[PDB]
Amino acid sequence: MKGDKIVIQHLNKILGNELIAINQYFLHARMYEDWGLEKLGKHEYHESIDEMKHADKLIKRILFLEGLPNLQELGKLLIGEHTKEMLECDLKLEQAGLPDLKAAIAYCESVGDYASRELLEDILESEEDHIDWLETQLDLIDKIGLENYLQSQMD
Amino acid sequence: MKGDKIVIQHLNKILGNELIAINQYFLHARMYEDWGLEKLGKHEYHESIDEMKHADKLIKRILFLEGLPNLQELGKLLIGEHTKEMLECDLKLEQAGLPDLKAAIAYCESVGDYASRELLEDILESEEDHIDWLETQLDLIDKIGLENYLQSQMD
Amino acid sequence: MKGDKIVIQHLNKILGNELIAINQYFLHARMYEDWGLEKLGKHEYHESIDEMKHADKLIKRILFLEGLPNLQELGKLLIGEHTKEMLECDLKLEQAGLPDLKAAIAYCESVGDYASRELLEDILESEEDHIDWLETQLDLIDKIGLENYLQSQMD
Amino acid sequence: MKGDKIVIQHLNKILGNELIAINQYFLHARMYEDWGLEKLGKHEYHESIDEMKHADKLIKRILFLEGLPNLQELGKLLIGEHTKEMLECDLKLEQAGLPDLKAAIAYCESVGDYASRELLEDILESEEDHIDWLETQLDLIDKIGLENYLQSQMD
Amino acid sequence: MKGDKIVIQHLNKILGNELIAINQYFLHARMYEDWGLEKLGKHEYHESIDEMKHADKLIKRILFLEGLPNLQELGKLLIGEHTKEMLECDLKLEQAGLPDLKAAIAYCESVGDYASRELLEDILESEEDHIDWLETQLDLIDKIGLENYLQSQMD
Amino acid sequence: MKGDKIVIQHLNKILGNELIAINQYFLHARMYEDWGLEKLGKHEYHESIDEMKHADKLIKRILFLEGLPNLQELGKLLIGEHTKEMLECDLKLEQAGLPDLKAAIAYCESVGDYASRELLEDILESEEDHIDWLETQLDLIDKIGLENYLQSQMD
Amino acid sequence: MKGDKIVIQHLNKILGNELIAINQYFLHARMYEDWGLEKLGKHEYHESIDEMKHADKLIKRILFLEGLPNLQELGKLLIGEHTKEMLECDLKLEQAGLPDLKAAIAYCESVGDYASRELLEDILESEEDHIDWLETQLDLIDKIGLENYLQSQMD
Ligand code: HEM
Ligand code: HEM
Ligand code: HEM
Ligand SMILES: [Ba+2]
Ligand SMILES: [Ba+2]
Ligand SMILES: [Fe+2]
Ligand SMILES: [Fe+2]
Ligand SMILES: [Fe+2]
Ligand SMILES: [Fe+2]
Ligand SMILES: [Fe+2]
Ligand SMILES: [Fe+2]
Ligand SMILES: [Fe+2]
Ligand SMILES: [Fe+2]
Ligand SMILES: [Fe+2]
Ligand SMILES: [Fe+2]
Ligand SMILES: [Fe+2]
Ligand SMILES: [Fe+2]
Ligand SMILES: [Fe+2]
Ligand SMILES: [Fe+2]
Ligand SMILES: [Mg+2]
Ligand SMILES: [Mg+2]
Ligand SMILES: [Mg+2]
Ligand SMILES: [Mg+2]
Ligand SMILES: [Mg+2]
Ligand SMILES: [Mg+2]
Ligand SMILES: [Mg+2]
Ligand SMILES: [Mg+2]
């Protein structure tokens, strides 16, 4: 079914943001794994597998709405050379992306593409959870110390 | 443990080839799914998960050899439009990659990084498998007819 | 137990044909499988295994009758190039051996070697079995057409 | 996938050797069985099935590399008259082919067919395995005597 | 089976390094146990068992090649007095053995002893895992501090 | 807890003897195995493991008594060339270590180190069972003949 | 059965020491528990129970030897006020009773009361494991710090 062009452009933009997350979180996940921070590694890993599920959902919707997914563009990954920075970089990434989600939800309501809106609402919820988890880690580092925080991420 | 700089470069080159296959195969997978070719989609989908595992393997090896993974470059993507073309694009891509796998296996051999060579031999063996399956599909199309072939990919 | 010289001669002769069937059917089975025709592959494979059990039986009986098995000579194999032909070559081999069995069974009767006859008797039943399936495949090709037939042999 | 011509020639040579093993070990196994040496017949029988597995693997690789199997030619066949000689002939056959596998591995390596090398790599480790058991049986005969060795092979 | 003379030497060179590893890790393991560092002790132990298995594989190989294993010469152990030093001695030990392994592997290639090579590749692959773990432990000590690292090493 | 200087000395003396048994018995075990004497190989193997467990106990006792385990010094191994000689070598080794054990037990008694004495008593009993087993095998050889004894040690 | 007057005396002496351990360890155990150091409280508790079982054995041996168990006299308990002091108090207590046990074992030996000696040996071993545990905790405190040690003793 021919969907709304602008909706598809919005959907293709969010898709591109998830691609960034996918790659970034997977790299950080292995960087933790490689450092002995197994706990952190697993969480970063699962976050990665979720962005993959998110991208997948958008891909399917874009295809249904008869448009062509953009799996070609890859944005600026924000890596990070150590835990505190990697946490920040990930939070940063999750935030620069919230505005897009909300704008597109707003646009979907205006044109009456409610089904695409529901899809975006769900993705939005997951993003607010990951941000909650990130702010939490960062705060924890402040309360117990980096050495303590890292010690507790080993197993 | 710092590894050979040229080995790490070869590793990163191959990582890039794989990243492309991941994206390409996942899009082709969801496209077949969107068209009703359930069988074809499922297979393409699994090929996608494998390329992802191969990527994860190279990343982990690179990280151990103390180099930086490049999950930032994303080369061209041979998209399909229709089935026969998608099979051809996929095969063509697994083939443009072989020369690279073999160049690196030989290089690793000359520098005595046997563990890296083994990693590459497994990935190699797995690729000659995909090419095998792919060729078979193209030959089947010409033996039974595209219409019959598509009919067989539905359930 | 010393066996009738001519009987062992017949026994060694049929054993020869069986060794040809083995190799020929095994080659067609991998050819079918290489082409993605799994259905033909399995059946050919099994009939190959069957021929192997026939040969084993001939070898044991010959050895008991105190003669030397001839597993050295290998007759000309009839390797087909395409399904329709491969099916016909297998039928020809099966019918060029029927003469032989019947002649050998008749011989055992006239010389009192009833045990050997019972052994050939059962190989004979099994051989007309392969022929029945083979003829049926060729007729099936004529009714539904080669393309549909091959489509049926894929999974 | 068009494979290397010389590689295909090597594969066909290794195949002709195995086809001989298969037949030789099968006749010795049935001979042992016939003589009442169960334990010995059972082992030859498995080696027999093992050579069959190697040939199957060589065949599959050849068809994939788009070459033409060579079942048709059956090389010489060393048949022993008694246990001691049957053990030696079997040992001579393995050791006569070992060089063939080593030359093939070197060739595959030189032309970049690492998959074929690994495939042969495994058949080589298995052929050295058969040899060790053969050497041992001969050595066991010298330490305990022929009559004792045979009595131990009855069950 | 007569093995290459120089290959046997290489195998014994390596067997000699493993014997050293066996003794050093076992002692270190029981020292950690004796201090209440159960986690570290348990891990040192398994690495000690691994080296024992490697030694076993080497011995078996040497015997098959008809050489005489050398369990008489035992080189200089590197005993530590405290955790950090012990970690460093294991690391040093492991790093002094890699060049030997790689040299042996390259020689087996040149003489065509591929089975021995495959054996040495596996051991090599395992030695790198241990080295990775060791390095990681040392980095963990700096990131979180010795007091924390050791506390995490208690049962 | 600080131990007696002389006690620790005796313990190391006995540990030095047990390290010789470990290597000798393990090598003899793999030699029987290579020769096809599974029964015998299996028994040597366990006696080898047994000595490993003994050494482990000595190691622990020593660290607890605050002494330094000596794994560095390795005495001369008595390796055989044929079964009868290999049995006499193990036996001779066991007999040489018998007086050292009783001397240590005696000393431990004279200084009130009953726990160390207890440990030593249990090891002494184990060593005495091994000696019985070795003496028995040598008698069996005399009663039934080397040929028969060796035939019995196969499966 | 009438026992030796002096043996019964030694037994009561050791029973007198064990009754002190019982009370001290039980009190220390409940003090750790009240402070929230479950791990530590649990260990003290079992050592307390252990001493109770020891006293029980001494009681029985004594009645059998026809002597009167002395439960009336209770020596001075060494109660601590903080963990480090509590560990040093238990340790000091164990060290004070070590010479009494060896003295008794010695006497039992000199009069042929081997059964009493046997019992005393087993208790001596248990007391020696406790001493090892206490020495270990004190070393751990030195290596990781009181803060960390105490954090580890919570859950
Ligand atoms: C184009 C972007 C991608 C998409 C749409 C995608 C999608 C998926 C999906 C749908 C799954 C299965 C999830 C499940 O079973 O719940 C998956 C798994 C996985 N992906 Fe990706 N992925 C992408 C990129 C990547 C990349 C770049 C890597 C590696 C660097 C990667 C590594 C993995 C791994 C390791 C798994 C787990 C496989 C397993 O179950 O063993 N993916 N992905
Ligand atoms: C000299 C002629 C041969 C004889 C007498 C023979 C005999 C046998 C027998 C008795 C079995 C076991 C069947 C069962 O119990 O299911 C067997 C299995 C088999 N044979 Fe042969 N065979 C011969 C030649 C070959 C050849 C030329 C090939 C081709 C590579 C081959 C491939 C196989 C395979 C793949 C199996 C299956 C083994 C398994 O079940 O794991 N054979 N053969
Ligand atoms: C240097 C002194 C050694 C000590 C203290 C020692 C100690 C041990 C211990 C405690 C075990 C575990 C036993 C059990 O599970 O009950 C073991 C297993 C073993 N050891 Fe040793 N060992 C020593 C030397 C050796 C040597 C020189 C070899 C020869 C290659 C060897 C080969 C083995 C093998 C093959 C196992 C069995 C591993 C398994 O399959 O679990 N050990 N050793
Ligand atoms: Ba802490
Ligand atoms: Ba149809
Ligand atoms: Fe997302
Ligand atoms: Fe997210
Ligand atoms: Fe791949
Ligand atoms: Fe692939
Ligand atoms: Fe047949
Ligand atoms: Fe047939
Ligand atoms: Fe083979
Ligand atoms: Fe073989
Ligand atoms: Fe090792
Ligand atoms: Fe190692
Ligand atoms: Fe021992
Ligand atoms: Fe012993
Ligand atoms: Fe007690
Ligand atoms: Fe106690
Ligand atoms: Mg549609
Ligand atoms: Mg690292
Ligand atoms: Mg007979
Ligand atoms: Mg093909
Ligand atoms: Mg041998
Ligand atoms: Mg030092
Ligand atoms: Mg201590
Ligand atoms: Mg009474």
Side-chain angles (χ1 to χ4, degrees), chain B residues 25 28-29 31-33 35-50 80 82-95 98 124-155, chain C residues 23-49 77-94 130 132-155:
Chain B
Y25 300 176
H28 284 338
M31 281 176 66
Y32 287 127
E33 240 76 280
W35 290 342
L37 295 319
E38 307 185 303
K39 282 200 170 184
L40 215 39
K42 170 180 168 172
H43 193 88
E44 275 293 285
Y45 176 75
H46 294 137
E47 281 307 323
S48 181
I49 277 63
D50 274 312
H82 69 71
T83 301
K84 172 137 185 175
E85 185 167 351
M86 290 150 81
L87 270 321
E88 304 187 312
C89 284
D90 282 355
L91 178 63
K92 169 189 283 60
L93 183 269
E94 280 301 315
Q95 246 138 52
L98 289 186
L124 181 52
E125 292 183 289
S126 185
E127 312 310 347
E128 293 193 313
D129 255 40
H130 190 188
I131 290 177
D132 188 39
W133 179 82
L134 280 159
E135 302 168 308
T136 304
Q137 306 318 151
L138 290 166
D139 277 1
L140 250 22
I141 285 181
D142 272 9
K143 279 187 168 93
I144 64 177
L146 183 69
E147 300 195 303
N148 267 328
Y149 181 78
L150 290 173
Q151 157 172 61
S152 298
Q153 301 314 317
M154 287 175 68
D155 284 56
Chain C
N23 290 22
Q24 174 171 151
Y25 299 165
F26 204 89
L27 178 54
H28 289 337
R30 298 301 147 186
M31 281 176 70
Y32 281 136
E33 253 139 47
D34 187 74
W35 294 329
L37 282 33
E38 293 169 35
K39 285 286 312 172
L40 274 345
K42 291 209 312 169
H43 200 287
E44 280 297 284
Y45 180 63
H46 290 165
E47 215 73 28
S48 179
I49 298 307
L77 298 52
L78 299 178
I79 306 305
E81 303 197 304
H82 56 290
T83 295
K84 180 176 291 186
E85 165 174 44
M86 306 169 67
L87 238 38
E88 296 175 65
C89 288
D90 281 344
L91 183 60
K92 299 188 201 304
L93 194 185
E94 224 55 281
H130 191 199
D132 190 12
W133 183 85
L134 294 174
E135 305 180 317
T136 296
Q137 299 310 308
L138 298 177
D139 274 51
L140 237 35
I141 289 178
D142 287 311
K143 282 163 184 169
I144 67 172
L146 186 66
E147 297 176 309
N148 270 327
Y149 177 77
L150 292 172
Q151 169 184 41
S152 283
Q153 307 307 317
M154 292 175 76
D155 306 301

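When reading the values below, keep in mind they use all heavy atoms of this one structure, side chains included, and skip hydrogens, waters and symmetry mates. A note on names: the letters A, B, ... follow the listed sequences, proteins ahead of strands, and every chain is numbered from 1.
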Quiz item: Can you tell if the side chain of C:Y149 reaches within under 4.5 Å of the side chain of C:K84, non-hydrogen atoms only?
Solution: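 With C-beta onward as the side chain, the pair stays apart.
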Quiz item: Hey, which residues of residues 138-148 of chain C are touching chain B, say heavy atoms under 4.5 Å apart?
Solution: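 Against chain B, the residues of residues 138-148 of chain C that fall inside the cut-off (heavy atoms, under 4.5 Å) are C:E147, C:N148.
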Quiz item: Between atom CG of B:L40 and atom CE of B:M31, what is the distance when rounded to the nearest 0.5 Å?
Solution: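 Between atom CG of B:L40 and atom CE of B:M31 there are 11.0 Å.
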Exercise. Enter the distance from C:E85:CD to C:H82:NE2 here, rounded to the nearest 0.5 Å.
Key: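 One finds 5.0 Å between CD of C:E85 and NE2 of C:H82.
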Quiz item: What closest approach, in Å, do B:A29 and B:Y45 show between heavy atoms, and which atom pair accounts for it?
Solution: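 What the structure gives for the nearest pair is CB-N, 3.6 Å.
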Side-chain donor-acceptor pairs under 3.5 Å in residues 127-135 of chain B, sequence neighbours left out?
from: B:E127; atom 1: OE2; to: B:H54; atom 2: ND1; distance (Å): 3.1
from: B:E128; atom 1: OE1; to: D:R61; atom 2: NH1; distance (Å): 3.1
from: B:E128; atom 1: OE1; to: D:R61; atom 2: NH2; distance (Å): 3.0
from: B:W133; atom 1: NE1; to: B:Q137; atom 2: OE1; distance (Å): 2.8
from: B:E135; atom 1: OE1; to: D:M1; atom 2: N; distance (Å): 3.2
from: B:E135; atom 1: OE2; to: D:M1; atom 2: N; distance (Å): 2.7

Practice problem: Kindly assign one of parallel, tilted or perpendicular to the pair B:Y32 and B:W35, based on the angle between their ring planes and the thresholds 30° and 60°. | Solution: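 Rings of B:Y32 and B:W35: perpendicular, over 60°.
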